[PDB]
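Inspection log for the structure reproduced underneath, given as structure tokens.
These numbers come from the heavy atoms of this one structure, side chains and all, not from hydrogens, waters or symmetry mates. A, B, ... follow the sequence lines: proteins, then strands. Residue 1 opens every chain.
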2 protein chains.
Amino acid sequence: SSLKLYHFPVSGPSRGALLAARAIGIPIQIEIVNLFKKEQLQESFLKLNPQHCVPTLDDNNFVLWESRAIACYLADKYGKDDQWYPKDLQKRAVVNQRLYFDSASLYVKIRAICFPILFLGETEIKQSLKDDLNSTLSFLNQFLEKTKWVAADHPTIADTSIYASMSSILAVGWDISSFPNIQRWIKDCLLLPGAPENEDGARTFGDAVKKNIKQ
Amino acid sequence: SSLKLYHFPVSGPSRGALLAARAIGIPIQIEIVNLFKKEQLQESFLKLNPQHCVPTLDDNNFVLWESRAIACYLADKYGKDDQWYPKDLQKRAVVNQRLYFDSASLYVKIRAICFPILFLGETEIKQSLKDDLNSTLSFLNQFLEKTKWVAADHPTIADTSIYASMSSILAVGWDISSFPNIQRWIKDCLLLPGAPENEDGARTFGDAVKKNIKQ
């Protein structure tokens with residue numbers, strides 16, 4: 001009956017789903033799933049989903065994966081107001097837009113850099129990949145020129161997801177001096193509910209990446 | 001006042017946005033934007049959006065990019081029923097989930113193969129990239145084991161987006177013999193409104209990729 005999140009604190013998308021739960025203020029059971037140690041994986045997790053997808057929400061046997069789907073579902077199902085995911089179709093479209101930007105451009109390009117370094121024997125950040133990510137950062141920097149937060153002048157679930165992504169690469173070490181609007185926004189993100197909890201997982205992600213980079 | 005889509009028929013995501021407009025049955029002005037020829041780009045397009053983003057919707061001066069945000073916005077704003085994007089939160093979450101799967105896994109991995117071949121001098125499909133895409137196809141093949149369409153036993157905007165993506169790689173030439181459920185579904189996709197229009201753009205995409213592959 002209790003709402004449950006299967007969560008890997010190292011994962012940006014997993015952290016984005018939890019940040020959304022913190023923001024809307026829902027009590028949630030958190031089952032830690034260590035994806036680094038698959039033979040230690042628990043039966044309660046392996047049972048419910050096609051494959052090892054994290055984050056996974058179990059809301060009273062409705063099983064949902066995909067961090068941003070979770071965020072939108074939680075906001076509409078348990079949100080006590082509209083702020084976090086506005087019901088107005090045009091305001092909602094802008095939040096959805098930033099969410100798809102997170103999923104299709106931002107985290108994709110962070111992952112293109114970090115995944116091969118963590119798992120595939122890569123020891124450096126490729127220049128092409130760096131430029132690709134920086135082009136996406138530039139777009140984010142522009143979003144934040146217009147409004148205080150990514151999708152409005154108030155925080156939304158688009159901020160929790162994009163914060164989870166940005167905190168991941170920033171913990172690896174990224175020079176964002178070219179993007180003063182991101183610099184401003186990332187300090188504002190520290191005020192978000194569950195930000196330290198996010199920062200701790202991001203730091204674990206960051207440390208694991210750095211560890212494999214030959215300086 | 002008229003609803004307008006800035007569209008590049010070659011682009012999967014652009015085709016996914018148009019397919020959604022066809023599915024919900026909304027009359028739309030279509031401004032063709034040839035991204036292959038930037039110096040020929042029209043003032044009406046360069047004016048309204050931060051950078052050259054396609055697809056871009058102009059709904060009475062509300063300007064929206066991101067194909068899947070467009071699809072959800074069109075479905076809620078102009079949909080004559082619920083079928084295409086159900087209002088039930090759990091059914092909606094599943095469609096959102098498949099949309100994020102399209103944006104974060106499927107089209108991302110098609111693009112990882114095709115973009116460097118089109119633009120960056122790549123002449124072959126890397127084995128690593130092929131395996132990566134095939135792993136995502138396997139997941140899609142499983143979605144389609146449970147239900148006739150990707151997110152339900154009726155078609156949704158998740159099918160229009162994923163069809164736009166799948167038609168793109170299939171036109172390049174991909175062996176999906178290992179995925180009988182995708183094979184079934186892709187024939188059903190031919191029944192979708194605007195499917196030929198999609199197939200024609202996908203074929204142009206496919207031809208441009210093949211042209212650069214050294215066999």
Side-chain angles (χ1 to χ4, degrees), chain A residues 68 89-90 92-105, chain B residues 2-36 42 44-45 48-80 83-85 95-96 98-104 106-108 110-111 114 149-151 155-169 171 189 192-205:
Chain A
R68 301 142 198 105
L89 294 179
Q90 301 189 350
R92 179 159 294 212
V94 181
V95 172
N96 284 344
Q97 188 200 71
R98 309 305 205 221
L99 290 167
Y100 286 107
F101 168 88
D102 185 60
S103 74
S105 297
Chain B
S2 192
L3 187 67
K4 186 131 80 164
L5 185 72
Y6 295 82
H7 178 230
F8 182 36
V10 167
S11 155
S14 203
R15 275 182 279 103
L18 181 56
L19 276 165
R22 305 313 199 184
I24 45 216
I26 195 75
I28 2 126
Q29 277 191 42
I30 299 171
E31 180 97 78
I32 301 299
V33 179
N34 186 348
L35 290 190
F36 287 163
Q42 300 197 47
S44 56
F45 175 66
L48 38 64
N49 206 331
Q51 200 207 309
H52 328 290
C53 292
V54 177
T56 292
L57 186 76
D58 186 340
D59 179 2
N60 301 234
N61 289 264
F62 173 64
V63 176
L64 184 68
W65 53 274
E66 227 304 318
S67 69
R68 301 142 198 105
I70 291 156
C72 296
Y73 171 75
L74 294 181
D76 276 348
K77 184 94 184 288
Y78 302 107
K80 283 161 183 154
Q83 196 215 120
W84 292 99
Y85 193 41
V95 172
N96 284 344
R98 309 305 205 221
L99 290 167
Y100 286 107
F101 168 88
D102 185 60
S103 74
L106 182 55
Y107 192 70
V108 159
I110 293 168
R111 206 188 190 258
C114 300
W149 301 90
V150 297
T156 60
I157 63 171
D159 301 280
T160 47
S161 287
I162 296 177
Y163 173 46
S165 291
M166 283 307 305
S167 63
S168 307
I169 199 64
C189 288
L192 294 168
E197 175 180 50
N198 172 72
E199 290 292 335
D200 285 322
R203 199 154 47 248
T204 308
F205 173 84

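Residues B:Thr56 and B:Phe45 have side chains in contact (heavy-atom distance under 4.5 Å, counting atoms from C-beta outward). In this structure the side chain of B:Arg203 never reaches within 4.5 angstrom of the side chain of B:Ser167, judged on heavy atoms. Using a 4.5 Å heavy-atom cutoff, the side chains of B:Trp84 and B:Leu74 are not in contact.
Contacts of B:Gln42 classified as side chain to side chain donor-acceptor pair (under 3.5 Å), with partners at least two apart in sequence or in another chain: none. In this view, B:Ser14 satisfies the side chain to side chain donor-acceptor pair (under 3.5 Å) rule with no residue, not counting sequence neighbours. Under the side chain to side chain donor-acceptor pair (under 3.5 Å) criterion, B:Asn96 pairs with B:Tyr85, sequence neighbours left out. For B:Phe205, the ring pair (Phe, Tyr, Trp, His ring centres under 6.0 Å) criterion is met by no residue, not counting sequence neighbours.
For the residue pair B:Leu19 and B:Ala195, the shortest heavy atom distance occurs at CD2-N, 4.1 Å.
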What do the steps show when you test B:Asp102 against B:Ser165 for side chain to side chain donor-acceptor pair (under 3.5 Å), and what is the final call?
CA-CA 7 Å; B:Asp102 185 60; B:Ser165 291; 2.6 Å; yes
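Within a 6.0 Å radius of CZ in B:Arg111, no more than 12 heavy atoms belonging to other residues, nucleotides or ligands are found.
Listed by first then second residue, pairs satisfying salt bridge (charged side-chain N to carboxylate O under 4.0 Å, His left out) with a partner in residues 10-20 of chain B number zero, not counting sequence neighbours. Here salt bridge (charged side-chain N to carboxylate O under 4.0 Å, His left out) pairs that include residues 21-34 of chain B, with residues two or more places apart or in two chains, are B:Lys4-B:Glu31, B:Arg22-B:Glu197.
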